[PDB]
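Here is the structure we will look at.
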Amino acid sequence: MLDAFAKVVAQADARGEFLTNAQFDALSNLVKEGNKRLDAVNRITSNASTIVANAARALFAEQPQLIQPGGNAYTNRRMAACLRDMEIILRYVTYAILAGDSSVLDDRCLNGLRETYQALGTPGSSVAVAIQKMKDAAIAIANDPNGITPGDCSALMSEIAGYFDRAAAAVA
Amino acid sequence: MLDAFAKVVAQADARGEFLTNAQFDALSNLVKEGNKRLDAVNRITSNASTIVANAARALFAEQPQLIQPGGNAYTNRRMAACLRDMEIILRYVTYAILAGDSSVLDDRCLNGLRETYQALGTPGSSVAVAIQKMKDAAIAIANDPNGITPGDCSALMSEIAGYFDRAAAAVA
Amino acid sequence: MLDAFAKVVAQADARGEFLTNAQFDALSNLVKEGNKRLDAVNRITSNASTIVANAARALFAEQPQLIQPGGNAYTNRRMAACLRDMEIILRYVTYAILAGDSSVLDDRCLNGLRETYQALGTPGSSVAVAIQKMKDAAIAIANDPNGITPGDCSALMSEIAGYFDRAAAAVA
Amino acid sequence: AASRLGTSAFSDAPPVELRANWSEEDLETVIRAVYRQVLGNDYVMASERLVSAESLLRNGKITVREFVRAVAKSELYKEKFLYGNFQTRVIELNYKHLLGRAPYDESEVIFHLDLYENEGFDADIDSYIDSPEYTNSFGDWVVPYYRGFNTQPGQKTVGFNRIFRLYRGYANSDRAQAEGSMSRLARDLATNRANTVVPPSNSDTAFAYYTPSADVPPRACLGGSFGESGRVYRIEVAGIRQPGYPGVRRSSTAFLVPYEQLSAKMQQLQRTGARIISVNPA
Amino acid sequence: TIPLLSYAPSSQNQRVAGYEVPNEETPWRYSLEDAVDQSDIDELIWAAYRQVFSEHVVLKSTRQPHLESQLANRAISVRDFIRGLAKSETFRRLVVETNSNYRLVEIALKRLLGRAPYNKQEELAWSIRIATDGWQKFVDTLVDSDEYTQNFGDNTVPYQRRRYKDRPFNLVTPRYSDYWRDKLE
Amino acid sequence: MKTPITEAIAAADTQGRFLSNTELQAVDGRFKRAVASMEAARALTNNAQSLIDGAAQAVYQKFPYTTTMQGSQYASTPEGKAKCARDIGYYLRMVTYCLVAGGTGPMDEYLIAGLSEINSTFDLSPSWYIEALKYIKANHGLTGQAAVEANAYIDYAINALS
Amino acid sequence: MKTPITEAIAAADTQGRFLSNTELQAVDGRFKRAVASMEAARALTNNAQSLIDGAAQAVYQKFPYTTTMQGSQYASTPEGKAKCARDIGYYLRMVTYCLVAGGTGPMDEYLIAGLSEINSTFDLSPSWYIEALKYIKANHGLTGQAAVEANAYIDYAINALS
Amino acid sequence: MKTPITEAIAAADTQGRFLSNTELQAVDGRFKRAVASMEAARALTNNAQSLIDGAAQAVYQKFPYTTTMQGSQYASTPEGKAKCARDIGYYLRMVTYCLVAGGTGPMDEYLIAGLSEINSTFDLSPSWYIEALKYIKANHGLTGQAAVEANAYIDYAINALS
Ligand SMILES: CCC1=C(C)/C(=C/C2=NC(=C\c3[nH]c(/C=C4\NC(=O)[C@H](C)[C@H]4CC)c(C)c3CCC(=O)O)/C(CCC(=O)O)=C2C)NC1=O
Ligand SMILES: CCC1=C(C)/C(=C/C2=NC(=C\c3[nH]c(/C=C4\NC(=O)[C@H](C)[C@H]4CC)c(C)c3CCC(=O)O)/C(CCC(=O)O)=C2C)NC1=O
Ligand SMILES: CCC1=C(C)/C(=C/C2=NC(=C\c3[nH]c(/C=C4\NC(=O)[C@H](C)[C@H]4CC)c(C)c3CCC(=O)O)/C(CCC(=O)O)=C2C)NC1=O
Ligand SMILES: CCC1=C(C)/C(=C/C2=NC(=C\c3[nH]c(/C=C4\NC(=O)[C@H](C)[C@H]4CC)c(C)c3CCC(=O)O)/C(CCC(=O)O)=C2C)NC1=O
Ligand SMILES: CCC1=C(C)/C(=C/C2=NC(=C\c3[nH]c(/C=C4\NC(=O)[C@H](C)[C@H]4CC)c(C)c3CCC(=O)O)/C(CCC(=O)O)=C2C)NC1=O
Ligand SMILES: CCC1=C(C)/C(=C/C2=NC(=C\c3[nH]c(/C=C4\NC(=O)[C@H](C)[C@H]4CC)c(C)c3CCC(=O)O)/C(CCC(=O)O)=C2C)NC1=O
Ligand SMILES: CCC1=C(C)/C(=C/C2=NC(=C\c3[nH]c(/C=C4\NC(=O)[C@H](C)[C@H]4CC)c(C)c3CCC(=O)O)/C(CCC(=O)O)=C2C)NC1=O
Ligand SMILES: CCC1=C(C)/C(=C/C2=NC(=C\c3[nH]c(/C=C4\NC(=O)[C@H](C)[C@H]4CC)c(C)c3CCC(=O)O)/C(CCC(=O)O)=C2C)NC1=O
Ligand SMILES: CCC1=C(C)/C(=C/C2=NC(=C\c3[nH]c(/C=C4\NC(=O)[C@H](C)[C@H]4CC)c(C)c3CCC(=O)O)/C(CCC(=O)O)=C2C)NC1=O
Ligand SMILES: CCC1=C(C)/C(=C/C2=NC(=C\c3[nH]c(/C=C4\NC(=O)[C@H](C)[C@H]4CC)c(C)c3CCC(=O)O)/C(CCC(=O)O)=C2C)NC1=O
Ligand SMILES: CCC1=C(C)/C(=C/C2=NC(=C\c3[nH]c(/C=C4\NC(=O)[C@H](C)[C@H]4CC)c(C)c3CCC(=O)O)/C(CCC(=O)O)=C2C)NC1=O
Ligand SMILES: CCC1=C(C)/C(=C/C2=NC(=C\c3[nH]c(/C=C4\NC(=O)[C@H](C)[C@H]4CC)c(C)c3CCC(=O)O)/C(CCC(=O)O)=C2C)NC1=O
Ligand SMILES: CCC1=C(C)/C(=C/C2=NC(=C\c3[nH]c(/C=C4\NC(=O)[C@H](C)[C@H]4CC)c(C)c3CCC(=O)O)/C(CCC(=O)O)=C2C)NC1=O
């Protein structure tokens, strides 16, 4: 698991030398916008359950063949597993947001997920659609302008979108 | 393809230094006893067919299971293959004797031999017995003191024995 | 593609009779004059590029129609091709010198060469002039004796001139 | 080299032994970790968890060793792996889940299989649980972890290769894998054959490279090959799909190519879309 | 050194497209891709020998023992086996030494690549390939042409592309033309 | 043909290059050995008449059945004896040609090529030629390095027949 | 490497044939020339430092602009002068390697292997090294057969650079 | 040659399909950009003589040391001056063809192809022409799109020579 600071340190360790002024400025930019990062992760974590539940209802309304008899989201055991996996993707994306780097997202959660779903038979494209539903929901929840001291946050919202996108593309 | 001269050059190139006086002296010794080397190669190649044939007869007399039905040198196609491989080993050993080093022998007929024979089912121990039979026959014909000018040839005889042994050790 | 020894042996094989004493002495004479042949090929090959280039410089000016627009040597590509073919002829002639016969010159070259150029649209007469200019260049460079023990190598020069003439007559 | 190989972070050991063996929170973690390792990261539903074992687990009547054995012999474990797979494959899974390694040689299968044939499965699990390896690497108070990655114990080199066949990623579970329902390390184990390491998928295209040596070139060149200057590099590929004349055939395969031609061959392979698994000198 | 002088292609059966099911005159396709048993591999090896060298000249001394062992252990592709036949010394003695470059282009194209020369201009076009690059490099590019990779993939023995109502190349082309017969009586 | 000179030339032609010093060294060695080679060839050809007849009688002695039991493959008839003389003469003539050429080229092109194919069709046992060539190798009447060259070519033929 | 010995071995290997008398003759010629070759190599390495220093000064005199004109290709700095010495040392070391190998193999494998490509990408001029090799060819201080072979290899390098 | 129209035709022919809208769009782009290129070609042909004269003097001034050394590869003699004028004119004459063809086809067909062997054998340094063509490149008298497209072709040729 690498976070942003750790990522810069690891590159600098590969090249030896000593931390350049540019790298220092980059990390200073990260810390001066840190309060924003923490607020976003707090908002997403606080509504995790409703995000997953709403996205799940939408997925099963849009693609009914999944929950029809004989489909992969049938029999109430596989339904539990599907809800579990949606929540797990959300959890590791939340980890990534707090870290500031997508290394955690690709090192544990997306590490092997593709072949897992390929072997199970679960349609990867549908999982990607579900992740995108969660993407819109979570980004809206975090970008809600009421409830906190106002200020520019669009960069962080785009970063959140980037994490969700990485997961959705890797599953599909 | 590296002969003795090429081997010396390659080591010196790795170091990046001109050949030392010692290396020059070694190669001068090689060339001053070169007639012995090429005479041995000539004698081995002149009796190649008889060498392989006699050694084959001896191998099948010592280990009758090979030529009994079911054994790996049965059905006359595998017998042809066995004779072919014996003469192939003799040919690459002859190359090695002319070159002065075992590089060709270890690169082009010994590299993957063990794995291929293991997969085929060919008994490697029996192949080693066969190549040692060839070793004694070829050593004797090359070392025959009658028919050519007298001299000392013991170093060259030890070298040819070493190469036959190398093949025997790799195949088994 | 034959050599001197092979040429006499081939005629003897057509006749079906053991090599006659006369043929033996002829080949002995050929071996007697081996060193000069080797010297000549060594000297010509060391200066090959310069020989052909120097002759080419003069050729293009003495035959301006070729380098004027609309001529066969015009454009960079066809000029490159003319240089290439001059060097090709020189290479096969050097082959012939070492062989001692013009067999190689007539086998893989000079067998339909005129027809190839005639179909291509190259003027054959100009090619003949080029070959003759090359012939003068080659006879000169081989026949500038200095730096070695002298001899009457005029025979070698005459046979080299014969090879060049054979090519020139075959292309025109 | 961590992320590509798959070992994201397996860099500590979770014991439960404490004055507060429950520790009020740590025991929850230990129970989860045992479920992840013993059941092969299977998603156990809440209703079918082994509540009876956890009762004794917090009480201290049973140690972590006893908890691991209880899960291993409970029908929860049997339904996933034991009943449904070839017996040798089950031996492989036991080695992966209980001792955190892969079979190092055929004698392992011989011994465990004979136990199963005569004594019964319960005795087989018993042998894994109380083998010197389990008693040492783990300690009746330490959840089993994949120690096969680390080489400290003393093991055949092939072990490293072989463990990467069983572990196909952090997300993966052995109930759900590319080659599942059939032996994954059986043909190789009899021949003591090494295996190329197949990296698990990570945000890029994956093509699980099966390596049956039934129809592949040998690991070595076994000749002079083309005879050009330089040795012969063996190039593997999996996803060949573009040039299907009868259907391409043997989509996953290797080619022994002389050095000078490698570049050309490479581009050809890339054109078909197969991602080269390995390029090993032969 | 020079981009090979462009040749004008002529209409031919091989160039044409045709939606035909295989005839009884179909060339027959010897594919080592299936990795057939050793006995069938013998047939495949024999067909390649029959193509690169003619049926007439494939004797014991011509047979390369190494090649026989090559195509038996799922080694270098049938294409590389063909190239090995082509660059072997016996082939150079039998074909290369007995013909001029212009005829060599035709012979090699008919046998190795399996299509007749497009026109006389193409015979000229690849003659220089033989000269500058060397015969070994000429056959290298001949079997490394994009056309070849489409025609016979890798593990398919070369065959006459489609001799539809056409004389087979082997039975219309001798080992060497009458031009070299001047050295014979 | 596989003549040392032509082999060097072909090696240079494969790489499309003017004759390098390596090839020139090789042909120089050929010329240096040619004195002994040509003297050996002269010796063998001027003694050829005795050699051919002696080899014929040698094979008749080693294989008496070849002189008695009837068949076209055998020399039971005077016509067959003529055939035997003709073929052993072919072998001797080829060896002299190879001696003068400096390589195995001549015998490979005029004899060894397809030798196995025809010696089975006409049912000429190779062992007969083997014994004849052994007689010639024992009675060639050469000495020294001349002898070594000639015997090398003879044994090349012997191994090819086998 | 294209050593004469290995060349003969490869020629026999592509045909799967035992070493014939022709190959043995070629290798014998190699060994005959090797006495002079080794003498020449010993001479060149005994004077190695003197030869490289002299060649360095020769190119400094022939091309004075290279010692003043600014540019990475020029030796207007001590490191650049070191690079000049290093490269002429490479050429001399390759010559000694080729002398002991008895062929141009080493020269082709460790040099003359895209020498045009490299000098063009860096834009360094071949003429520099050509003149340096000329000085070495004149100052080698050899006589006899050794002299002719060493100068032949140096000239091989010279014409290969062009 | 490598004309945009011709390249689209070749790409469609190797697939064996009728011209799809992709190829038609490409040729449309060629026609749309053939207004400025043809204007530039007209401009450079109408002032061709003056610009070649200027370029000739430019190369004479940049390389007076070649302008004074006597030889076949130099313009020191009046005959060589005439040759230099004609070859500078050749470069301009090809650039106009390149402008009209809208591609690099003429460049490769009338030059570039085998530039290395020519610049090695005659050793006519490309730098001579390069300096002349840079004079042309600034003094061409085009503007805007015509200028930038012409400059693109010119610098393609310059970087191709090196
Ligand atoms: C428990 C550890 C901990 C956390 C989590 C934390 C968060 C935190 N982030 C802050 C700043 C901020 N909060 C925002 C919030 C936003 N403005 C917007 O227009 C968006 C709608 C939204 C992005 C989600 C911004 C832009 C700042 C930066 C300005 C500042 O630092 O006061 C502030 C001060 C003012 C505020 O409450 O917003 C706190 C306390 N502080 C902590 O000690
Ligand atoms: C056709 C190629 C070719 C051959 C074959 C050849 C042979 C050859 N071997 C020689 C020497 C020799 N050969 C031997 C050989 C031996 N001593 C022993 O004890 C062993 C029984 C035997 C090893 C097989 C010795 C000791 C010499 C003399 C010393 C030497 O030069 O190596 C000599 C020099 C002295 C002489 O005339 O005998 C020649 C010419 N020369 C050639 O150009
Ligand atoms: C077997 C030995 C051998 C020969 C002889 C040979 C010649 C040869 N030269 C050719 C071209 C050519 N040859 C020349 C040569 C000349 N240009 C001139 O101005 C002069 C009149 C003449 C030199 C004196 C030229 C200009 C071309 C190119 C023709 C063109 O593309 O229009 C071609 C046309 C096909 C091609 O370019 O590949 C052949 C076959 N190739 C060979 O392999
Ligand atoms: C249409 C495309 C085309 C080009 C580009 C071309 C180049 C070209 N330039 C040449 C020569 C030449 N180029 C020069 C040029 C110069 N001398 C100098 O001092 C100057 C610095 C320089 C002017 C920049 C000279 C003097 C020759 C004649 C050399 C000779 O014939 O030996 C030649 C040799 C034959 C001849 O003189 O024409 C060719 C083929 N040929 C072509 O068909
Ligand atoms: C590696 C290939 C190779 C070369 C290059 C070679 C050259 C060579 N040339 C020689 C001599 C000689 N070369 C000549 C030749 C000539 N007479 C003339 O008028 C002409 C100018 C010239 C013909 C080009 C003569 C007369 C001798 C001295 C006597 C002799 O050796 O026959 C000699 C013997 C004495 C010496 O070393 O000088 C050698 C070794 N030998 C070789 O094995
Ligand atoms: C053989 C089967 C079996 C039994 C019988 C068993 C008993 C058992 N009950 C326990 C807990 C407990 N059991 C109770 C039970 C009660 N609290 C009350 O107020 C009531 C009077 C009474 C129920 C009628 C409580 C409160 C605990 C929790 C103790 C704690 O964590 O603080 C514990 C402590 C560890 C744990 O919770 O896992 C054990 C071992 N465990 C077993 O595996
Ligand atoms: C699904 C349950 C299951 C099966 C079926 C199984 C098969 C199996 N049989 C084995 C041995 C064996 N099996 C046989 C079988 C036979 N030999 C013969 O001659 C007969 C034709 C045939 C019996 C009729 C032999 C000879 C061995 C020993 C092989 C050896 O040690 O090399 C082995 C090797 C390891 C060992 O011996 O422990 C396995 C894995 N393993 C399993 O877990
Ligand atoms: C912590 C990172 C991590 C992930 C992501 C992971 C995935 C994962 N999901 C699984 C199952 C599953 N995954 C799904 C998923 C879905 N089915 C659908 O219809 C939807 C489209 C989709 C949800 C969006 C289902 C239905 C199963 C159960 C299949 C089964 O056990 O039979 C399984 C194995 C079977 C089991 O549950 O025992 C794994 C290993 N494992 C991990 O360790
Ligand atoms: C003669 C023996 C032979 C076999 C067996 C064979 C199989 C084979 N089927 C293929 C394709 C394929 N095969 C399928 C088959 C299926 N798709 C599905 O959705 C189903 C689950 C399943 C059928 C029920 C598909 C979809 C492809 C295309 C894969 C792709 O383009 O990605 C490919 C990939 C290359 C190609 O399409 O040519 C091979 C090699 N080829 C052969 O030559
Ligand atoms: C690099 C040069 C080279 C070597 C060395 C080589 C070995 C070799 N020997 C083989 C076959 C064989 N080798 C044997 C050998 C033997 N059987 C016995 O009883 C004996 C003890 C022994 C002879 C000494 C047999 C019986 C086969 C046939 C196996 C088969 O194809 O069924 C095979 C299998 C394919 C083939 O026949 O080509 C290889 C690859 N192949 C090569 O290309
Ligand atoms: C399948 C149909 C087919 C036929 C008919 C055919 C004929 C044919 N016979 C040939 C050779 C030959 N054909 C003969 C035939 C004879 N010599 C004689 O003395 C007799 C009068 C006659 C036998 C009755 C000979 C001697 C050669 C070899 C010529 C040579 O290489 O010099 C060749 C030369 C090319 C080669 O060797 O492959 C061909 C093409 N080829 C074919 O593919
Ligand atoms: C120049 C290359 C060349 C060779 C080698 C050659 C050999 C040759 N020997 C033959 C036959 C023969 N050769 C012999 C010779 C012998 N009879 C004996 O008793 C002895 C053991 C033996 C002498 C050593 C006989 C008897 C036949 C006739 C076979 C028959 O009619 O069945 C035949 C069949 C035609 C015929 O009957 O003449 C050929 C072609 N022809 C050639 O062109
Ligand atoms: C063993 C095979 C081999 C060769 C041939 C070789 C040559 C060689 N010389 C180089 C550079 C160089 N060489 C010089 C040398 C010189 N300075 C001068 O004034 C002289 C005119 C000249 C000596 C003749 C300089 C200055 C550079 C650096 C040029 C640059 O950095 O651009 C470079 C570029 C990489 C580097 O900086 O070293 C190579 C590759 N290196 C090799 O490994």
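Chains as they are written, first to last, in the authors' numbering: chain F, 1 to 72, 75 to 174; chain P, 1 to 72, 75 to 174; chain T, 1 to 72, 75 to 174; chain Z, 6 to 287; chain a, 2 to 186; chain S, 1 to 140, 143 to 150, 161 to 174; chain O, 1 to 140, 143 to 150, 161 to 174; chain W, 1 to 140, 143 to 150, 161 to 174. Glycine is no exception: its CB is placed at the ideal position from the N, C-alpha and C atoms.
- Task: Just confirm the distance between the C-beta atoms of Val95(O) and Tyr165(O), as a whole number of angstroms; I'd bet it's less than 8 angstroms.
- Result: For this step, residue 95(O) is matched to residue 95 along the seventh sequence. For this step, residue 165(O) is matched to residue 153 along the seventh sequence. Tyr165(O) and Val95(O) do touch by the CB rule: their CB atoms are close to 6 angstroms apart, below 8 angstroms.
- Message: For ligand 2, is there any heavy atom lying closer than 8 angstroms to the beta carbon of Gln25(O)?
- Response: On the seventh sequence, position 25 is the one that residue 25(O) refers to. Yes.
- Item | Contacts that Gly229(Z) makes with chain O (C-beta to C-beta distance below 8 angstroms) | Here residue 229(Z) is taken as the residue at index 224 of the fourth sequence, counted from 1. Simply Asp13.
- Item | Strand pairing of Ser62(a), partner residues [DSSP] | Here residue 62(a) refers to the residue found at position 61 of the fifth sequence. For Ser62(a), which the question treats as bridged, DSSP gives no partner whatsoever.
- What residues from chain a crowd round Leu59(T), counting only those whose CB sits closer than 8 angstroms? One-based indexing of the third sequence puts residue 59(T) at position 59. Within 8 angstroms Cβ-Cβ: nothing; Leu59(T) doesn't reach chain a, min ~19 angstroms.
- Task: Determine, using beta-carbon pairs with one atom in the stretch 114-127 of chain a and one in the stretch 155-170 of chain a, whether at least three such pairs fall under 8 angstroms.
- Result: A contact is defined here as three or more CB-CB pairs under 8 angstroms, and the stretch 114-127 of chain a meets this definition with respect to the stretch 155-170 of chain a.
- So, is the C-beta of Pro66(a) closer than 9 angstroms to a C-beta in chain P? Within the fifth sequence, numbered from 1, the residue matching residue 66(a) stands at position 65. Output row for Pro66(a): interface = yes.
- Give a single yes or no on whether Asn46(Z) has its beta carbon closer than 8 angstroms to a heavy atom of ligand 8. By one-based count along the fourth sequence, residue 46(Z) stands at place 41. Checking the Cβ of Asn46(Z) against ligand 8 gives yes.
- Task: Compare the beta carbon distance of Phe18(W) and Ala10(W) with 9 angstroms and say whether it is the shorter of the two.
- Result: Locating residue 18(W) in the eighth sequence gives position 18, counting from the first residue. Locating residue 10(W) in the eighth sequence gives position 10, counting from the first residue. No, Cβ-Cβ distance for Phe18(W) and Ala10(W) is not below 9 angstroms.
- Would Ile118(O) be called buried (16 or more neighbouring beta carbons within 10 Å of its own) or exposed? For the purposes of this step, residue 118(O) is taken as residue 118 along the seventh sequence, with counting starting at 1. Exposed, because fewer than 16 other Cβ atoms sit within 10 Å of the Cβ of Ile118(O).
- Task: Can you say whether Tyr180(a) is buried or exposed, counting buried as having 16 or more other CB atoms within 10 angstroms of its CB?
- Result: Position 179 of the fifth sequence holds residue 180(a). Classification of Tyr180(a): exposed, given that the 10 Å Cβ count is below 16.
- Item | Cβ neighbours of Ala41(O) in the same chain (closer than 7 angstroms, five flanking residues each side left out) | Stepping through the seventh sequence from its first residue, residue 41(O) is reached at position 41. Once the five neighbours on either side are set aside, the close Cβ partners of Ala41(O) are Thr96, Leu99 and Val100.
- Message: Using a Cβ-Cβ distance cut-off of 9 angstroms, determine whether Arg110(P) contacts chain Z.
- Response: In the second sequence, the residue the question calls residue 110(P) occupies position 108. Chain Z contact via Cβ: present.
- Query: Checking contacts by CB at 9 angstroms: is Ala132(a) closer than that to chain T?
  - Reply: Your numbering for residue 132(a) matches position 131 in the fifth sequence. It does; some Cβ of chain T falls within 9 angstroms.
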